[PDB]
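Enquirer:
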Amino acid sequence: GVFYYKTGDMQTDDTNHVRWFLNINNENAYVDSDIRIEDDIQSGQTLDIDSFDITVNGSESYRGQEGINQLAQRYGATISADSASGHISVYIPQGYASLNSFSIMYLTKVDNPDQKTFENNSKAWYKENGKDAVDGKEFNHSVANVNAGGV
């Protein structure tokens, strides 16, 4: 389960946002297919479309809406987001997915400050070289609201 996962966190210095990370091809594997991630941000928070920050191979950073356009040019990797619905689609073509790790960070704005946890759900489609295809397996994550303690 290393190929793809999502995580997130809320920092004490920014309790009005949740930071989410879609971490794709984390072991820099060869891929036998395109990669598709379908992400649905759960209620109580709103995607900040300007907050996207994509790191490739832990070094190259692509920031904001222009960064998304540059990432599309360099890696054919498209990020489509709809703040209204909380839906994010990521597509990375096979040729650019291979050997490259992608960490897609975005922020959501907390809409319900008293809400106990913030959730982000995703599903992934990919085929790593020498491994069975993963066909829409779920990768979800919950972040505890640091405003609403010790867990």
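Here the sequence shown stands for residues 172 to 319, 321 to 323, where the numbers follow the deposited numbering.
We put the CB at the ideal spot given by N, CA and C, even for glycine.
1) Look at the Cβ atom of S313, then the Cβ atom of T288, and state whether they are nearer than 9 Å.
2) Spell out the partners DSSP gives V281 in its beta bridges.
3) Secondary structure at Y176, three-state DSSP: helix, strand or coil?
4) According to DSSP, is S230 helix, strand or coil?
5) At 3 residues or longer, and completely inside the stretch 180 to 214: list those beta strand (DSSP E) runs for me, N to C.
6) Cβ atoms of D210 and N291: under 9 Å apart, would you say?
7) From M276 to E309, what does the alpha carbon distance come to, in whole angstroms?
8) What does a CB cutoff of less than 7 Å around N318 pick up in its chain, not counting 5 residues either side in sequence?
9) Give me the residue from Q213, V173, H258, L270 with the minimum Cα distance to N194.
10) Between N316 and the rest of its own chain, which residues show a CB-CB distance below 7 Å, the 5 nearest in sequence each way excluded?
11) Could you check the C-alpha separation between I250 and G321 for me, to the nearest Å?
12) Tell me the rounded alpha-carbon separation between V281 and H188.
13) Would you kindly report the start and end of the unbroken beta strand (DSSP E) that includes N291?
14) Compare the C-alpha of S230 against each of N311, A304, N271, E299 and name the closest.
15) With respect to the beta strand (DSSP E) encompassing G307, which residues constitute its N-terminal and C-terminal limits?
Expert: This is what the structure gives:
1) yes
2) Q216
3) strand
4) coil
5) 188 to 195, 206 to 212
6) yes
7) 18 Å
8) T186, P284
9) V173
10) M181, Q286, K287, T288, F289
11) 36 Å
12) 5 Å
13) 288 to 297
14) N271
15) 305 to 309
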